[PDB]
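Scroll down for the structure; my scribbles are underneath it.
Please note: Cβ atoms are built from the backbone with ideal geometry, for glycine as well, and neighbour counts cover all protein chains shown. FYI, it's all coordinate maths here, none of it is from the lab.
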Amino acid sequence: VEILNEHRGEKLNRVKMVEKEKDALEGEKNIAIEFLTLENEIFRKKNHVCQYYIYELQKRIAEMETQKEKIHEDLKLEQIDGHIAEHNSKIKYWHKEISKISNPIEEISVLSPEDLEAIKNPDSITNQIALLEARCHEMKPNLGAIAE
Amino acid sequence: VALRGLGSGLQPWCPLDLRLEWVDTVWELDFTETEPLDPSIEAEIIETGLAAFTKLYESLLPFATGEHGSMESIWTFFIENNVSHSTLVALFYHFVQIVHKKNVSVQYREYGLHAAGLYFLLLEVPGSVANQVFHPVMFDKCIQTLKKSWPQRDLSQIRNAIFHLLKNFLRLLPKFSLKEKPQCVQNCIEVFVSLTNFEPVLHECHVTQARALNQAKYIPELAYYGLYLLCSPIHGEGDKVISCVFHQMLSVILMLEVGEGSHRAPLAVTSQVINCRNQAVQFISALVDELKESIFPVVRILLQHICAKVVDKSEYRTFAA
Amino acid sequence: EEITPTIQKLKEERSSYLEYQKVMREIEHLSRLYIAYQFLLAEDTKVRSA
Amino acid sequence: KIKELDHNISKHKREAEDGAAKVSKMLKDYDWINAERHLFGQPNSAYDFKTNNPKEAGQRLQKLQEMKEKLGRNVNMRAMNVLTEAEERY
C-alpha cells in the first residue's frame, strides 16, 4: 500500500511539477488584464475629453444663443446668421452622442466653463490617446490569468 | 480590337455549361480550396490552350492600359454582355489549385501561373478592386504557388511562366499599398526568399525602383526589386516589416540552408552563392544609401542577431568578414 | 488526447477570428459604399455651391 | 440680404476643401476619379450612413466586434501553426 501511496505522492508532485510556466503566464495575462482596466480608465478619460469638446460646442451654442437673442431684442438677418451658425453648431453637435463607449458620454464634470472644453487643453487631447495607443499596442489580453 | 478582342477571348471563356453557382460557392467557401471544375470549361480552355490565354491577354490589354479604362470599360461591357469577372477569377483560382498539388504536369503549371498573371492584370485595372474582385485568401494561395510550382525541358517552361507571373505581380505592386495587409509581407517575402534559390545569377545587380519587368530575367533580382519596392513606408509599415525581412535575409546571409539551428547542414562553398551574397550586400548598400537613418538601428539589431547565431567555419568566417 | 481539446479550442479561436475578419471586411465594404456615396455627395455639394 | 446669403454659400464652398471632417479634402485624399459620378448604377439612399452627421451605421457592429482586444491573429495566421503542431503531433 505504501508503494502504491508513493506514486500518489508522485501524483501530488506532477499535478504541478514546475508551476513556474503557469505562474509566469498568469502574471503576464494579469498584466494584460490590469492594462485592460487601466486602458478602460484612460478610455473613460478620453470619453471625458470628447465630452469636454461637446460641452465646449454646447456652451458656445448657449452663449451665441444669448448674443443672437440680444440681436433679436435690438438686424433681423444678423440674428438669422447667428441662428444659422447656432444650427450649424447643433448639426456639428452630433458628436455629443459619443459612440466610443456608449459613462462619460452625457455625464459632465463639475467645472463646466473651465474644465469642459477640449480645444483649450491639448495635453488632455494628446497624452490620453498616446497612453491608449501604447496600451492597445501592448495589450495581448486573455482570461488565462483567471483561467490558469 | 478591344471590344471584339474581349469577345474573342470570351467565347472560349464564357461557355454554355458555365457554373456561376460553383463560382458563388467558392466565393462563400472563403477561397481556401477549389472543387474540381467542369469538363466542358477546361476542355474549351485547352481546346486552344495557352494561345487562348494570350487571346485573353490581348483582350484585357487595351482595358488594362487605360484608353478603355473609363466608363466604357470591362465592367459596362461585362454588364451589357452578361459576363462576370468573378467567374474568371474562379477559373484562375482553380488553375492555382491545380498548381498547388505537387505531382502536376508542366502545361497545367504554366496554365495556372499565367492564369494568376491574368488575375493580376484584371486586378491592375483601377476601380476594379471595389467591384468585389480581390480576395486575400486566394491571393495568398496564388502567391504560395510561386513556391509550390516546383515539381515535387520542364524547368524552362516553368520558370518562364513564373517569370511572366512575377512580371505581372511586380507591375501590379506599385499600384497596391500594403497598409492594411501585413500578412503578405511574411507570405510574399517568404516566397521571394524561397525563390532566390532557383538559378545562379552571375552579375551583381544594382537594385532600384526603376528596374524593368524584362530587365531582370533572374528571380533573385526580381525578388530584390520587390523588397526595394517594399522598403517604402506605404508598403513597409513600421519597423516590424523591416525586422521581419531582416530576419528573413538573415538565413541567406549566414551561408546556410533554409531553416534554423545546428541540425540544419551547412551549405557547400559555391561561388554562385558568393555572387548571391555580393548581390545581397549591394542591394543592402542601396537600401542604406536611401534610408540613411532608419536602416542603421535595424541593421545593428540584425548584427546583434548575427553575433548571436554564428557558425565556426573558416570559409564562413571569411565570407562574413 | 489532452492536446486535442486544446487543438480543437485553438481551431475554434482561429475559425472565430477568421469569421471576425470576414465581418471586418464585409462591414468595411459596407462603409466603403457610403464612402463612394460620400464622394458623390461631396462632388454634388461643390458643384451645387459653385 | 442675398449677398449675406452668398457669403454663407461662399463660406460653405471654401469649407468643402481642406478638412478631414469636410467633404472635398477626402476626395483629394482618395482620388476616387475612377467614377466621375461617384454613384454606380443607382444611388440607394443617405440613410445607411450620413456624411454631415457620421457614426450612424453598422459601425456599431464594427465596435461590437471590437469589444475584444485579444490578438487571436497568430492562431488565425495562415501558417496554420496550432494545426501544424497538431499534424506534427499526429
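Before we move on, is D:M80 within 26 Å of B:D30 (Cβ to Cβ) and more than 9 Å from every other protein chain (Cβ to nearest Cβ)?
Details: within 26 Å of B:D30 (Cβ to Cβ): yes; more than 9 Å from every other protein chain (Cβ to nearest Cβ): no.
No: the conditions fail for D:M80.
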If we scan region A:104-117, do we find a residue that is closer than 26 Å to A:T37 by Cβ, touching a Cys at 6+ places or on another chain (Cβ under 6 Å) and within 14 Å of chain D (Cβ to nearest Cβ)? no
For region B:11-22, check the following and say yes or no: at least one residue is under 28 Å from the mean Cα position of the chain (by Cα) and surrounded by fewer than 16 Cβ atoms within 10 Å (Cβ to Cβ). yes
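Here's a check for you: in region B:47-67, which residue that is assigned to a helix (DSSP H, G or I) and farther than 20 Å from B:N160 by Cβ is nearest to the chain's Cα centre (by Cα)? Talk me through it step by step, then tell me what you get.
Residues of region B:47-67 that are assigned to a helix (DSSP H, G or I), as a first pass: B:50-65.
Checking which are farther than 20 Å from B:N160 by Cβ leaves us with B:59, B:62-65.
Details: B:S59: 22, B:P62: 23, B:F63: 22, B:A64: 19, B:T65: 20 Å.
It comes out as B:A64.
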Evaluate the following for A:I3: is it part of a helix (DSSP H, G or I) and either touching a strand residue (DSSP E or B) at 6+ places or on another chain (Cβ under 7 Å) or not charged (D, E, K, R) (or both)? yes
Top-ranked residue of region A:51-94 - restricted to ones that are of a type in the set (F, W, Y) and within 13 Å of another protein chain (Cβ to nearest Cβ), ranked as surrounded by the fewest Cβ atoms within 10 Å (Cβ to Cβ): A:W94
Looking across region B:115-165 at residues that are among the aliphatic types (A, V, I, L, M) and more than 27 Å from B:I74 (Cβ to Cβ), the single one that is farthest from the other protein chains (Cβ to nearest Cβ) is B:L155
Looking at B:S194, B:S177, B:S262, which one is of a type in the set (S, T, N, Q) and closer than 25 Å to B:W150 by Cα? B:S194
In region D:34-67, what residues are within 14 Å of chain B (Cβ to nearest Cβ), over 17 Å from the mean Cα position of the chain (by Cα) and either polar (S, T, N, Q) or on the phi < 0 side of the Ramachandran plot (or both)? D:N34, D:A35, D:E36, D:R37, D:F40, D:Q42
Taking region B:68-92 only, how many residues are closer than 22 Å to B:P36 by Cβ and assigned to a loop (DSSP other than H, G, I, E, B)? 1
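If the requirement is being under 15 Å from C:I7 (Cα atoms), exposed (fewer than 13 other Cβ atoms within 10 Å of the Cβ) and not small (G, A, S), which of these qualifies: D:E88, D:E36?
Details: D:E36 fails: under 15 Å from C:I7 (Cα atoms).
Exactly one residue qualifies, and that residue is D:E88.
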How about region B:137-162: which of its residues are farther than 19 Å from B:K102 by Cβ and surrounded by 19 or more Cβ atoms within 10 Å (Cβ to Cβ)? B:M138, B:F139
Of those in region B:266-300 that are exposed (fewer than 15 other Cβ atoms within 10 Å of the Cβ) and of a type in the set (A, V, I, L, M, F, W, C), the residue farthest from B:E204 (Cα to Cα) is B:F296
Go through (1) more than 23 Å from the chain's Cα centre (by Cα); (2) within 7 Å of another protein chain (Cβ to nearest Cβ); (3) not in a loop (DSSP other than H, G, I, E, B) for D:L27 and report which single condition fails. (1)
B:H94 vs (1) under 16 Å from the mean Cα position of the chain (by Cα); (2) surrounded by 21 or more Cβ atoms within 10 Å (Cβ to Cβ): all pass except (1)
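Residues of region B:124-167 being within 24 Å of B:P62 (Cβ to Cβ) and assigned to a helix (DSSP H, G or I), which ones?
B:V129, B:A130, B:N131, B:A161, B:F163, B:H164, B:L165, B:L166, B:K167
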Residues that are surrounded by 17 or more Cβ atoms within 10 Å (Cβ to Cβ) and more than 7 Å from chain D (Cβ to nearest Cβ), drawn from region C:22-50: C:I35
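Checking the condition β-branched (V, I, T), closer than 14 Å to B:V273 by Cα and surrounded by 14 or more Cβ atoms within 10 Å (Cβ to Cβ), which residue from B:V201, B:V191 passes?
Numbers: B:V191 fails: closer than 14 Å to B:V273 by Cα.
So the residue among B:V201, B:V191 that is β-branched (V, I, T), closer than 14 Å to B:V273 by Cα and surrounded by 14 or more Cβ atoms within 10 Å (Cβ to Cβ) is B:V201.
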Looking at (1) of a type in the set (G, A, S); (2) part of a helix (DSSP H, G or I); (3) over 30 Å from A:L25 (Cβ atoms), which one does A:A130 not meet, given that it meets all the others? (3)
Within region A:110-135, can you find the residues that are surrounded by 15 or more Cβ atoms within 10 Å (Cβ to Cβ) and over 14 Å from A:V49 (Cβ atoms)? A:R135
All conditions in (1) under 27 Å from B:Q304 (Cα atoms); (2) touching a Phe, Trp or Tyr at 6+ places or on another chain (Cβ under 8 Å) are true of B:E257 except (2)
Just one of the numbered conditions (1) more than 26 Å from the chain's Cα centre (by Cα); (2) of a type in the set (D, E, K, R); (3) within 14 Å of chain B (Cβ to nearest Cβ) is not true of D:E85; which one? (3)
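For every residue, the table says whether it meets (1) in contact with a helix residue (DSSP H, G or I) (Cβ under 8 Å, 6 or more places away or on another chain); (2) within 24 Å of B:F319 (Cβ to Cβ); (3) surrounded by fewer than 19 Cβ atoms within 10 Å (Cβ to Cβ).
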{"site": "B:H206", "(1), (2), (3)": "yes, yes, yes"}
{"site": "B:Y224", "(1), (2), (3)": "yes, yes, no"}
{"site": "B:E237", "(1), (2), (3)": "no, no, yes"}
{"site": "B:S243", "(1), (2), (3)": "yes, yes, yes"}
{"site": "B:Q248", "(1), (2), (3)": "yes, yes, yes"}
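Being in a loop (DSSP other than H, G, I, E, B), away from chain D (no Cβ under 11 Å) and of a type in the set (S, T, Y): is that true of A:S99 here?
Numbers: in a loop (DSSP other than H, G, I, E, B): yes; away from chain D (no Cβ under 11 Å): no; of a type in the set (S, T, Y): yes.
It is false that A:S99 is in a loop (DSSP other than H, G, I, E, B), away from chain D (no Cβ under 11 Å) and of a type in the set (S, T, Y).
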Does region D:13-22 contain any residue that is in a helix (DSSP H, G or I) and at the interface with another protein chain (Cβ under 7 Å from one of its Cβ atoms)? yes
